[PDB]
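Comments concern the structure below.
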Amino acid sequence: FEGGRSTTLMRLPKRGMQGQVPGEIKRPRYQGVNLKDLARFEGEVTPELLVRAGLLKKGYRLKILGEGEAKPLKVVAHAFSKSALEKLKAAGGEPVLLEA
Amino acid sequence: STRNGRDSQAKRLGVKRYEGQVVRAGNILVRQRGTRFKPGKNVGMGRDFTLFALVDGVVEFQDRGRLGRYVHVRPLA
Amino acid sequence: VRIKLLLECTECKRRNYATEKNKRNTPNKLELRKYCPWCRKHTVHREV
Amino acid sequence: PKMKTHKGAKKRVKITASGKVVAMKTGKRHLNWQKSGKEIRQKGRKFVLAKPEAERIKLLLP
Amino acid sequence: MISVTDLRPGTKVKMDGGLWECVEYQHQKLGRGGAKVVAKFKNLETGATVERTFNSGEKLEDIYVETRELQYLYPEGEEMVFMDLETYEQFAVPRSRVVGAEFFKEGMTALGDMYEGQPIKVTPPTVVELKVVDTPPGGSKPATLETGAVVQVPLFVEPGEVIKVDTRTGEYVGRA
RNA sequence: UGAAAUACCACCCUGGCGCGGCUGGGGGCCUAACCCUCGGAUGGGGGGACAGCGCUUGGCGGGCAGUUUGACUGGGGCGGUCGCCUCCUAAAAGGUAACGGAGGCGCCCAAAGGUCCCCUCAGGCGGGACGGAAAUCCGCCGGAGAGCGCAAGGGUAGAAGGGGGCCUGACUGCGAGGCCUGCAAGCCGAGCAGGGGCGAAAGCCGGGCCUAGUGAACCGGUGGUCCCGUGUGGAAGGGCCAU
RNA sequence: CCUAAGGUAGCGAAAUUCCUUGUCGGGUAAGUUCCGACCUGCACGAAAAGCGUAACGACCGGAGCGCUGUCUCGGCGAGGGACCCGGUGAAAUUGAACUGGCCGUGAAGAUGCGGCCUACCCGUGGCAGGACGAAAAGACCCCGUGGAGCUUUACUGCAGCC
RNA sequence: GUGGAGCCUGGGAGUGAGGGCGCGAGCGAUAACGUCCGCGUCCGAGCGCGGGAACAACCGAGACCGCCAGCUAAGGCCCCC
RNA sequence: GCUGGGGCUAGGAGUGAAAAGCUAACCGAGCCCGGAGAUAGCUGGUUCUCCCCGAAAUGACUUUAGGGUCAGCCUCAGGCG
RNA sequence: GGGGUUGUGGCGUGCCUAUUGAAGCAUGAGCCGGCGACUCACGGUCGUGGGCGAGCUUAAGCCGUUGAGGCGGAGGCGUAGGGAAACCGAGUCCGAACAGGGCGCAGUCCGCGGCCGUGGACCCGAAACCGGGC
RNA sequence: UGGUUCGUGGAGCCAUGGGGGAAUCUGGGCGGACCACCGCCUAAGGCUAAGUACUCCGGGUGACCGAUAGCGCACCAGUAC
RNA sequence: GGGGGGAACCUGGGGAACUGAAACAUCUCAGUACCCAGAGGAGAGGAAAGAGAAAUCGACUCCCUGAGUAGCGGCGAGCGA
Ligand SMILES: [Mg+2]
Ligand SMILES: [Mg+2]
Ligand SMILES: [Mg+2]
Ligand SMILES: [Mg+2]
Ligand SMILES: [Mg+2]
Ligand SMILES: [Mg+2]
Ligand SMILES: [Mg+2]
Ligand SMILES: [Mg+2]
Ligand SMILES: [Mg+2]
Ligand SMILES: [Mg+2]
Ligand SMILES: [Mg+2]
Ligand SMILES: [Mg+2]
Ligand SMILES: [Mg+2]
Ligand SMILES: [Mg+2]
Ligand SMILES: [Mg+2]
Ligand SMILES: [Mg+2]
Ligand SMILES: [Mg+2]
Ligand SMILES: [Mg+2]
Ligand SMILES: [Mg+2]
Ligand SMILES: [Mg+2]
Ligand SMILES: [Mg+2]
Ligand SMILES: [Mg+2]
Ligand SMILES: [Mg+2]
Ligand SMILES: [Mg+2]
Ligand SMILES: [Mg+2]
Ligand SMILES: [Mg+2]
Ligand SMILES: [Mg+2]
Ligand SMILES: [Mg+2]
Ligand SMILES: [Mg+2]
Ligand SMILES: [Mg+2]
Ligand SMILES: [Mg+2]
Ligand SMILES: [Mg+2]
Ligand SMILES: [Mg+2]
Ligand SMILES: [Mg+2]
Ligand SMILES: [Mg+2]
Ligand SMILES: [Mg+2]
Ligand SMILES: [Mg+2]
Ligand SMILES: [Mg+2]
Ligand SMILES: [Mg+2]
Ligand SMILES: [Mg+2]
Ligand SMILES: [Mg+2]
Ligand SMILES: [Mg+2]
Ligand SMILES: [Mg+2]
Ligand SMILES: [Mg+2]
Ligand SMILES: [Mg+2]
Ligand SMILES: [Mg+2]
Ligand SMILES: [Mg+2]
Ligand SMILES: [Mg+2]
Ligand SMILES: [Mg+2]
Ligand SMILES: [Mg+2]
Ligand SMILES: [Mg+2]
Ligand SMILES: [Mg+2]
Ligand SMILES: [Mg+2]
Ligand SMILES: [Mg+2]
Ligand SMILES: [Mg+2]
Ligand SMILES: [Mg+2]
Ligand SMILES: [Mg+2]
Ligand SMILES: [Mg+2]
Ligand SMILES: [Mg+2]
Ligand SMILES: [Mg+2]
Ligand SMILES: [Mg+2]
Ligand SMILES: [Mg+2]
Ligand SMILES: [Mg+2]
Ligand SMILES: [Mg+2]
Ligand SMILES: [Mg+2]
Ligand SMILES: [Mg+2]
Ligand SMILES: [Mg+2]
Ligand SMILES: [Mg+2]
Ligand SMILES: [Mg+2]
Ligand SMILES: [Mg+2]
Ligand SMILES: [Mg+2]
Ligand SMILES: [Mg+2]
Ligand SMILES: [Mg+2]
Ligand SMILES: [Mg+2]
Ligand SMILES: [Mg+2]
Ligand SMILES: [Mg+2]
Ligand SMILES: [Mg+2]
Ligand SMILES: [Mg+2]
Ligand SMILES: [Mg+2]
Ligand SMILES: [Mg+2]
Ligand SMILES: [Mg+2]
Ligand SMILES: [Mg+2]
Ligand SMILES: [Mg+2]
Ligand SMILES: [Mg+2]
Ligand SMILES: [Mg+2]
Ligand SMILES: [Mg+2]
Ligand SMILES: [Mg+2]
Ligand SMILES: [Mg+2]
Ligand SMILES: [Mg+2]
Ligand SMILES: [Mg+2]
Ligand SMILES: [Mg+2]
Ligand SMILES: [Mg+2]
Ligand SMILES: [Mg+2]
Ligand SMILES: [Mg+2]
Ligand SMILES: [Mg+2]
Ligand SMILES: [Mg+2]
Ligand SMILES: [Mg+2]
Ligand SMILES: [Mg+2]
Ligand SMILES: [Mg+2]
Ligand SMILES: [Mg+2]
Ligand SMILES: [Mg+2]
Ligand SMILES: [Mg+2]
Ligand SMILES: [Mg+2]
Ligand SMILES: [Mg+2]
Ligand SMILES: [Mg+2]
Ligand SMILES: [Mg+2]
Ligand SMILES: [Mg+2]
Ligand SMILES: [Mg+2]
Ligand SMILES: [Mg+2]
Ligand SMILES: [Mg+2]
Ligand SMILES: [Mg+2]
Ligand SMILES: [Mg+2]
Ligand SMILES: [Mg+2]
Ligand SMILES: [Mg+2]
Ligand SMILES: [Mg+2]
Ligand SMILES: [Mg+2]
Ligand SMILES: [Mg+2]
Ligand SMILES: [Mg+2]
Ligand SMILES: [Mg+2]
Ligand SMILES: [Mg+2]
Ligand SMILES: [Mg+2]
Ligand SMILES: [Mg+2]
Ligand SMILES: [Mg+2]
Ligand SMILES: [Mg+2]
Ligand SMILES: [Mg+2]
Ligand SMILES: [Mg+2]
Ligand SMILES: [Mg+2]
Ligand SMILES: [Mg+2]
Ligand SMILES: [Mg+2]
Ligand SMILES: [Mg+2]
Ligand SMILES: [Mg+2]
Ligand SMILES: [Mg+2]
Ligand SMILES: [Mg+2]
Ligand SMILES: [Mg+2]
Ligand SMILES: [Mg+2]
Ligand SMILES: [Mg+2]
Ligand SMILES: [Mg+2]
Ligand SMILES: [Mg+2]
Ligand SMILES: [Mg+2]
Ligand SMILES: [Mg+2]
Ligand SMILES: [Mg+2]
Ligand SMILES: [Mg+2]
Ligand SMILES: [Mg+2]
């Protein structure tokens with residue numbers, strides 16, 4: 001506030017689309033997690049061994065992806081980035097689909 | 001009770017890079033209304049008659065007698 | 001102005017526009033020219 | 001108690017990874033018509049400086 | 001929306017839904033109070049007048065009732081048509097808004113108060129030429145003019161004779 | 001023939017009757033709701049489906065309520081002024097005040113825009129039918145005093161002026177780098193892509209000789225788009241682009 | 001020429017007249033007032049009534065008689081205070097004070113700074129020129145996006161009535 | 001040119017009534033302790049100290065403290081002094 | 001007409017031969033408690049010591065002009081040299 | 001060597017406030033004593049002292065104490081970002097682009113101090129407004 | 001019209017002053033206009049501990065006060081006045 | 001049986017303004033202050049015509065989270081599941 005001018009509320013809300021009324025559309029959200037860090041543990045990473053670990057957490061649906069080198073180990077996830085899907089094609093897991 | 005008291009927000013005209021100063025391609029070298037100065041070597045000018053560098057180099061002010069005044073830019077050799 | 005008026009250009013059956021300014025009274029009574037559409041390239045272009 | 005975010009801001013501005021505050025360009029809501037593509041086209045996002053420090057202290061929790 | 005302190009006789013404005021034209025304007029600022037604008041107006045169509053007063057603030061709402069010169073072409077229905085000898089547009093003015101529509105002439109040039117491209121007052125000139133096509137060769141006798149209207153004239157004025165007639169009094173003001 | 005012409009077909013009027021459905025306006029008479037009354041009545045009179053009252057509609061409405069009634073200002077008020085352009089003040093960079101001096105703008109051009117090729121003015125002295133003192137013509141002399149839509153300024157005939165042929169780059173995706181700058185804006189912009197215009201080509205064109213011709217957000221409207229679309233599909237409604 | 005129509009009777013330098021002490025007349029030794037007229041009514045006028053009116057009036061103006069200390073112009077006298085003694089004994093105000101004049105100077109009106117001049121210490125009765133003396137955080141004036149009362153064809157409502 | 005210089009990121013400000021003098025202009029009357037800008041200065045915050053009789057901004061001079069030492073500034077050197 | 005006693009009408013309400021008078025010694029809207037520590041861009045006031053630095057009274061916008069916001073000018077810590 | 005006093009001599013315009021500028025003849029104060037004004041809660045942002053670090057931390061409560069400390073992982077901040085969104089992801093947006101160019105590779109928990117927000121927020125002060133009563 | 005985060009919004013849901021006005025399980029309501037699928041639940045009768053709020057009253061504590069403080073009242077105070 | 005009282009707390013029936021928006025009216029303050037009725041050691045609420053997307057949960061209240069989120073909004077101030 002102040003001057004009695006127009007704050008700098010002159011700049012506009014291109015932020016178009018930010019609120020209907022019933023509310024927010026309940027849809028599934030994805031958690032990053034770069035293979036770069038599953039490298040921490042060597043077993044069978046499952047979105048939970050993750051939450052409990054220290055990454056993702058309740059955010060729900062996990063999408064292992066990104067930077068870092070893969071490792072010889074099965075990775076259950078809800079999604080994979082084209083790139084990590086690859087780096088894991090270097091021998092590992094690809095338990096896509098997921099969910100009942 | 002007058003009939004005046006008006007004017008226009010100054011525009012700040014004139015040479016804005018003097019002879020021997022190093023520029024970069026883009027720098028507007030001169031702001032002016034008419035063509036007090038004219039384009040030169042590696043010196044295109046704009047719609048409003050604004051001379052601006054065309055290549056990284058130095059600025060030179062060639063005075064051409066009754067032929068006008070020029071501002072060139074001899075790139076760094 | 002009034003005799004002036006704003007206006008755009010439609011790609012002939014479709015979208016896109018240019019939006020120039022006709023000029024009523026003087027050379028008016030409709031008007032179209034050639035101009036490039038965001039989609040594909042170059043065509044006529046009518047007012048509306 | 002617990003600071004309230006300034007909805008009117010979050011509704012038109014964004015804090016960036018660097019810390020930058022990005023607001024959409026201003027000036028094309030109904031000016032258009034006799035405006036170069038240059039002008040009208042030049043409506044991408046922009047830095048905002050010295051006023052984001054202010055502007056930022058209102059997106060506190062967000 | 002022009003205020004009042006900025007009026008001048010001749011300025012046309014919209015008041016009480018109607019069209020006027022300040023004809024008297026006098027700034028009044030007595031005592032230490034706020035100033036006041038005391039004017040007198042005239043409807044554009046009816047003659048009705050009305051002096052009024054306003055404070056310094058109060059805005060009015062200027063109108064654009066410019067007066068081009070139209071031109072009669074032909075009758076039709078209970079209306080008659082004119083034309084702005086300028087942009088040659090076509091105006092179908094209802095007999096009422098054509099002052100002295102009679103005593104007129106299918107081809108005479110008159111004046112109209114264009115208010116959004118529609119005359120609300122069509123006056124001819126104070127006196128126009130007209131061919132009497134009536135009257136007994138018999139003094140102050142009635143004479144039907146080419147426009148069907150009738151007028152009082154002297155003797156000598158006989159059938160076919162073109163005369164003059166003040167379009168305000170429809171009185172014989174001499175011959176052609 | 002007259003303002004109009006004439007057939008045959010159209011559409012549709014003015015007013016009219018015919019069936020098909022659809023909606024209203026009143027006139028009376030009644031009594032039993034409701035109202036008023038009556039030597040105190042489950043009854044008699046009068047009014048009467050009106051009024052009264054309940055929900056809803058449009059309007060009148062300082063009787064009352066809440067408020068608003070701008071700033072600058074050689075005190076205030078009245079006057080004048082309020083944004084933008086040009087010149088001076090402004091003290092040879094820029095910038096710089098005053099109810100200091102003096103003027104402009106809120107537009108305009110589909111050619112007054114691109115490009116390519118051509119042409120050179122105002123004036124002055126002669127010389128010439130109608131012809132002022134400049135209508136048109138001829139000869140010199142004339143570097144710019146002409147012109148450049150409009151104020152003034154800078155600019156400019158080695159065109160920014162005049163004329164003509166094709167055209168529409170008054171492009172869309174972009175925009176290095178700068179000017180100006182408290183923010184916000186404003187201004188210049190080479191080069192790349194797409195797809196074009198002109199030119200033999202070199203090249204030139206993302207309006208206009210240049211500085212005014214303007215208006216943040218909000219809220220809405222029109223196209224477009226397919227982005228979201230409250231269990232699903234789809235709509236409703238939004239979003240983005242454009243105006 | 002303009003208007004909806006252009007102020008009739010009557011009254012008019014008026015509780016109304018700017019100019020204005022209008023101009024005549026009256027009254028006076030002398031009259032901006034008063035009375036009577038005149039009428040270029042800045043800016044009367046007929047129920048926000050016009051013009052008159054006997055009577056009435058602690059109403060406002062002018063004049064004269066009478067009579068006065070109102071005055072020329074002040075004098076004497078009485079009582080109650082004032083002053084003195086005994087008794088009881090407040091007050092506002094108060095930065096602290098060892099608190100002079102003139103000419104300067106200084107925020108532009110000095111006991112307080114400079115220069116010069118005056119001036120032994122301390123009271124009592126008096127006087128009011130200064131201490132920008134006391135008293136009320138100026139009524140006036142402007143400011144405040146203060147507050148209220150009042151108004152209306154300001155905005156928006158509400159009661160009410162249709 | 002090592003300076004209570006500069007530059008960059010960040011925390012905290014106060015300020016947004018200026019005033020006199022000089023010089024250059026405008027307004028004013030070739031007025032004002034007037035007024036409005038520009039360059040500079042001082043007061044402001046140096047009503048601390050010397051000079052100017054006395055006196056914020058004119059001349060001299062930037063006061064850490066102490067001394068019964070010395071040289072100077074402006075200004076002064078007959079007496080007050 | 002004045003007058004005693006008994007009564008009724010009160011807060012945007014009463015009463016008023018009208019002045020905005022009177023409604024318990026201040027009525028252009030009573031008094032008390034409450035909302036309430038209303039709001040006051042205004043005035044006043046703000047308390048121990050020493051040390052270093054040390055402004056501003058400008059610009060731009062401002063129902064702004066005696067108030068603000070950004071900048072300019074001050075300061076502190078870290079970095080650069 | 002010091003205390004008290006102070007005759008003469010020199011120098012010397014109260015204090016605060018407010019102001020461009022006050023001894024000022026501008027404000028406040030009769031004097032003395034005591035009461036008298038920048039704080040707190042929850043947030044936020046810098047800074048800082050420590051803990052632990054790709055992680056850091058619990059809240060209500062529960063068990064224990066009864067001036068004893070544990071438990072408790074729900075949750076929170078952080079490990080990714082871009083885009084209005086679908087979505088994609090060390091990238092993504094715009095775009096037709098494989099040009100360009102815009103945004104993109106660090107924490108947390110306590111104590112402490114500065115400052116901001118929300119509250120009466122440094123302390124007194126209204127003219128007023130509204131409710132219920134007298 | 002009110003309640004909800006929902007200020008007329010695409011405005012459901014809950015409640016109801018007015019008008020109209022059902023059915024009894026092939027009945028009825030909801031899943032944010034609406035429609036169709038797919039689900040959830042049984043309105044128009046009633047009651048129900050416990051967990052929670054407060055502190056006139058009793059007690060226990062206090063990096064709470066210590067007679068201008070602490071309650072207004074340590075004292076014969078809601079008193080004198 | 002009832003009636004009246006009870007410091008707060010409780011529910012229900014009514015219900016402001018100053019304020020904030022640096023005016024102001026929607027909005028805010030706030031269904032707060034206050035008034036009235038009732039309740040009792042507590043009151044309300046309470047066994048789904050609920051939630052809401054989960055092959056889901058399973059009265060109600062209460063604390064912590066979720067969350068200053070979803071939203072609401074002169075899309076302002078700010079309100080806030
Ligand atoms: Mg001016
Ligand atoms: Mg000026
Ligand atoms: Mg200027
Ligand atoms: Mg200029
Ligand atoms: Mg748009
Ligand atoms: Mg685009
Ligand atoms: Mg969060
Ligand atoms: Mg009957
Ligand atoms: Mg009966
Ligand atoms: Mg009956
Ligand atoms: Mg009957
Ligand atoms: Mg009825
Ligand atoms: Mg109504
Ligand atoms: Mg009204
Ligand atoms: Mg009112
Ligand atoms: Mg009121
Ligand atoms: Mg109010
Ligand atoms: Mg003013
Ligand atoms: Mg004045
Ligand atoms: Mg004015
Ligand atoms: Mg004015
Ligand atoms: Mg501007
Ligand atoms: Mg100059
Ligand atoms: Mg200059
Ligand atoms: Mg010639
Ligand atoms: Mg000749
Ligand atoms: Mg001729
Ligand atoms: Mg000739
Ligand atoms: Mg000539
Ligand atoms: Mg051409
Ligand atoms: Mg660019
Ligand atoms: Mg750049
Ligand atoms: Mg900028
Ligand atoms: Mg132009
Ligand atoms: Mg051209
Ligand atoms: Mg708005
Ligand atoms: Mg919109
Ligand atoms: Mg639409
Ligand atoms: Mg879809
Ligand atoms: Mg849902
Ligand atoms: Mg749904
Ligand atoms: Mg759906
Ligand atoms: Mg389907
Ligand atoms: Mg759409
Ligand atoms: Mg007279
Ligand atoms: Mg008389
Ligand atoms: Mg006289
Ligand atoms: Mg008069
Ligand atoms: Mg005489
Ligand atoms: Mg005599
Ligand atoms: Mg006389
Ligand atoms: Mg006398
Ligand atoms: Mg007389
Ligand atoms: Mg009268
Ligand atoms: Mg009358
Ligand atoms: Mg009378
Ligand atoms: Mg009389
Ligand atoms: Mg009497
Ligand atoms: Mg006497
Ligand atoms: Mg005597
Ligand atoms: Mg005596
Ligand atoms: Mg005596
Ligand atoms: Mg005595
Ligand atoms: Mg003495
Ligand atoms: Mg003196
Ligand atoms: Mg002296
Ligand atoms: Mg005296
Ligand atoms: Mg005396
Ligand atoms: Mg006094
Ligand atoms: Mg005062
Ligand atoms: Mg105001
Ligand atoms: Mg006010
Ligand atoms: Mg200033
Ligand atoms: Mg100044
Ligand atoms: Mg100066
Ligand atoms: Mg002077
Ligand atoms: Mg002086
Ligand atoms: Mg001065
Ligand atoms: Mg000061
Ligand atoms: Mg200094
Ligand atoms: Mg002094
Ligand atoms: Mg000395
Ligand atoms: Mg001296
Ligand atoms: Mg001195
Ligand atoms: Mg000094
Ligand atoms: Mg020093
Ligand atoms: Mg010596
Ligand atoms: Mg010397
Ligand atoms: Mg000597
Ligand atoms: Mg009595
Ligand atoms: Mg009594
Ligand atoms: Mg009351
Ligand atoms: Mg009353
Ligand atoms: Mg009486
Ligand atoms: Mg009284
Ligand atoms: Mg009252
Ligand atoms: Mg009042
Ligand atoms: Mg309150
Ligand atoms: Mg108070
Ligand atoms: Mg107020
Ligand atoms: Mg220093
Ligand atoms: Mg200065
Ligand atoms: Mg404004
Ligand atoms: Mg100011
Ligand atoms: Mg600042
Ligand atoms: Mg700093
Ligand atoms: Mg003081
Ligand atoms: Mg002063
Ligand atoms: Mg004194
Ligand atoms: Mg005083
Ligand atoms: Mg004093
Ligand atoms: Mg004062
Ligand atoms: Mg005093
Ligand atoms: Mg503090
Ligand atoms: Mg804190
Ligand atoms: Mg910390
Ligand atoms: Mg990139
Ligand atoms: Mg860059
Ligand atoms: Mg740490
Ligand atoms: Mg902190
Ligand atoms: Mg801060
Ligand atoms: Mg605070
Ligand atoms: Mg009572
Ligand atoms: Mg709304
Ligand atoms: Mg609602
Ligand atoms: Mg319902
Ligand atoms: Mg309903
Ligand atoms: Mg339903
Ligand atoms: Mg449901
Ligand atoms: Mg439904
Ligand atoms: Mg259910
Ligand atoms: Mg129950
Ligand atoms: Mg003790
Ligand atoms: Mg004691
Ligand atoms: Mg006590
Ligand atoms: Mg309730
Ligand atoms: Mg209640
Ligand atoms: Mg209010
Ligand atoms: Mg307010
Ligand atoms: Mg219970
Ligand atoms: Mg219990
Ligand atoms: Mg119960
Ligand atoms: Mg609320």
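Identifiers for the structure tokens are assigned positionally: chains receive A, B, ... in sequence, residues are indexed from 1 per chain, and ligands are indexed from 1 in the order shown.
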Show me which residues are within 10 Å of ligand 81 counting only C-alpha atoms (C1' of nucleotides) and all ligand atoms, and format the list as a PDB file with N, CA, C and O atoms (P, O5', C5', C4', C3', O3' and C1' of nucleotides), in the first residue's frame.
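Done, and the output landed in selection-v2.pdb:
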ATOM      1  P     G G 106      20.094  43.469  13.563  1.00  0.00           P
ATOM      2  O5'   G G 106      19.536  42.312  14.498  1.00  0.00           O
ATOM      3  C5'   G G 106      20.370  41.204  14.831  1.00  0.00           C
ATOM      4  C4'   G G 106      19.823  40.458  16.021  1.00  0.00           C
ATOM      5  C3'   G G 106      18.481  39.772  15.857  1.00  0.00           C
ATOM      6  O3'   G G 106      18.608  38.508  15.210  1.00  0.00           O
ATOM      7  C1'   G G 106      18.496  41.012  17.867  1.00  0.00           C
ATOM      8  P     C G 113      22.243  40.906  29.520  1.00  0.00           P
ATOM      9  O5'   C G 113      22.715  41.083  28.007  1.00  0.00           O
ATOM     10  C5'   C G 113      23.140  39.957  27.252  1.00  0.00           C
ATOM     11  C4'   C G 113      23.629  40.379  25.897  1.00  0.00           C
ATOM     12  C3'   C G 113      24.372  41.694  25.868  1.00  0.00           C
ATOM     13  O3'   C G 113      25.721  41.526  26.245  1.00  0.00           O
ATOM     14  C1'   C G 113      22.778  41.665  24.136  1.00  0.00           C
TER      15        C G 113
ATOM     16  P     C H  47      27.197  28.520  15.616  1.00  0.00           P
ATOM     17  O5'   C H  47      25.611  28.402  15.767  1.00  0.00           O
ATOM     18  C5'   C H  47      25.002  27.767  16.885  1.00  0.00           C
ATOM     19  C4'   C H  47      24.798  28.754  18.019  1.00  0.00           C
ATOM     20  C3'   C H  47      23.977  28.256  19.206  1.00  0.00           C
ATOM     21  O3'   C H  47      24.658  28.570  20.411  1.00  0.00           O
ATOM     22  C1'   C H  47      23.145  30.352  18.484  1.00  0.00           C
ATOM     23  P     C H  55      26.519  39.282  19.839  1.00  0.00           P
ATOM     24  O5'   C H  55      25.374  39.615  18.794  1.00  0.00           O
ATOM     25  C5'   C H  55      24.061  39.103  18.943  1.00  0.00           C
ATOM     26  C4'   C H  55      23.502  38.785  17.586  1.00  0.00           C
ATOM     27  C3'   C H  55      24.413  37.867  16.787  1.00  0.00           C
ATOM     28  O3'   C H  55      24.143  36.498  17.050  1.00  0.00           O
ATOM     29  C1'   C H  55      23.945  39.799  15.515  1.00  0.00           C
ATOM     30  P     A H  56      25.152  35.377  16.503  1.00  0.00           P
ATOM     31  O5'   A H  56      24.761  35.263  14.968  1.00  0.00           O
ATOM     32  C5'   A H  56      23.487  34.753  14.598  1.00  0.00           C
ATOM     33  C4'   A H  56      23.650  33.471  13.838  1.00  0.00           C
ATOM     34  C3'   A H  56      24.040  33.599  12.376  1.00  0.00           C
ATOM     35  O3'   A H  56      25.447  33.707  12.244  1.00  0.00           O
ATOM     36  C1'   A H  56      22.288  32.028  12.629  1.00  0.00           C
TER      37        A H  56
ATOM     38  P     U J  13      26.053  36.354  26.011  1.00  0.00           P
ATOM     39  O5'   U J  13      24.607  35.770  26.305  1.00  0.00           O
ATOM     40  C5'   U J  13      24.142  35.646  27.638  1.00  0.00           C
ATOM     41  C4'   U J  13      22.720  35.177  27.634  1.00  0.00           C
ATOM     42  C3'   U J  13      22.485  33.925  26.813  1.00  0.00           C
ATOM     43  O3'   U J  13      21.489  33.143  27.461  1.00  0.00           O
ATOM     44  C1'   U J  13      21.230  35.746  25.917  1.00  0.00           C
ATOM     45  P     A J  22      17.082  28.795  16.831  1.00  0.00           P
ATOM     46  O5'   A J  22      17.265  29.921  17.940  1.00  0.00           O
ATOM     47  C5'   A J  22      16.407  31.055  17.944  1.00  0.00           C
ATOM     48  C4'   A J  22      16.245  31.624  19.343  1.00  0.00           C
ATOM     49  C3'   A J  22      16.127  30.603  20.473  1.00  0.00           C
ATOM     50  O3'   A J  22      16.497  31.229  21.710  1.00  0.00           O
ATOM     51  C1'   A J  22      14.110  31.775  20.269  1.00  0.00           C
ATOM     52  P     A J  23      17.991  31.090  22.301  1.00  0.00           P
ATOM     53  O5'   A J  23      17.941  31.995  23.610  1.00  0.00           O
ATOM     54  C5'   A J  23      17.681  31.434  24.894  1.00  0.00           C
ATOM     55  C4'   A J  23      17.097  32.485  25.819  1.00  0.00           C
ATOM     56  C3'   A J  23      15.720  33.008  25.451  1.00  0.00           C
ATOM     57  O3'   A J  23      14.726  32.210  26.063  1.00  0.00           O
ATOM     58  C1'   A J  23      17.164  34.830  25.900  1.00  0.00           C
ATOM     59  P     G J  24      13.963  31.102  25.212  1.00  0.00           P
ATOM     60  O5'   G J  24      13.642  31.829  23.845  1.00  0.00           O
ATOM     61  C5'   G J  24      12.447  32.550  23.684  1.00  0.00           C
ATOM     62  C4'   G J  24      12.625  33.906  24.264  1.00  0.00           C
ATOM     63  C3'   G J  24      11.507  34.898  24.014  1.00  0.00           C
ATOM     64  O3'   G J  24      11.298  35.611  25.229  1.00  0.00           O
ATOM     65  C1'   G J  24      13.580  35.729  23.159  1.00  0.00           C
TER      66        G J  24
END
What does the list of residues within 9 Å of ligand 87 look like if you count only C-alpha atoms (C1' of nucleotides) and all ligand atoms, written as an MDAnalysis selection string?
chainID H and resid 70:72
Writing out the chosen residues with N, CA, C and O atoms (P, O5', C5', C4', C3', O3' and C1' of nucleotides) as a PDB file, in the first residue's frame:
ATOM      1  P     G H  70      53.885  32.629  25.943  1.00  0.00           P
ATOM      2  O5'   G H  70      54.452  31.958  24.624  1.00  0.00           O
ATOM      3  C5'   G H  70      55.842  31.979  24.359  1.00  0.00           C
ATOM      4  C4'   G H  70      56.109  31.388  23.012  1.00  0.00           C
ATOM      5  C3'   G H  70      55.398  32.071  21.862  1.00  0.00           C
ATOM      6  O3'   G H  70      56.073  33.203  21.360  1.00  0.00           O
ATOM      7  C1'   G H  70      55.019  29.754  21.727  1.00  0.00           C
ATOM      8  P     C H  71      55.320  34.154  20.322  1.00  0.00           P
ATOM      9  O5'   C H  71      54.939  33.177  19.131  1.00  0.00           O
ATOM     10  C5'   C H  71      55.924  32.756  18.209  1.00  0.00           C
ATOM     11  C4'   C H  71      55.296  32.467  16.875  1.00  0.00           C
ATOM     12  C3'   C H  71      54.384  33.543  16.317  1.00  0.00           C
ATOM     13  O3'   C H  71      55.111  34.574  15.672  1.00  0.00           O
ATOM     14  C1'   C H  71      53.356  31.417  16.101  1.00  0.00           C
ATOM     15  P     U H  72      54.328  35.784  14.980  1.00  0.00           P
ATOM     16  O5'   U H  72      53.386  35.043  13.943  1.00  0.00           O
ATOM     17  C5'   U H  72      52.173  35.633  13.499  1.00  0.00           C
ATOM     18  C4'   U H  72      51.307  34.581  12.865  1.00  0.00           C
ATOM     19  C3'   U H  72      49.974  35.011  12.280  1.00  0.00           C
ATOM     20  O3'   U H  72      50.108  35.519  10.955  1.00  0.00           O
ATOM     21  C1'   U H  72      49.678  33.081  13.608  1.00  0.00           C
TER      22        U H  72
END
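Around ligand 50, the neighbouring residues within 8 Å, taking only C-alpha atoms (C1' of nucleotides) and all ligand atoms, come to residues 27, 28 and 29 of chain G.
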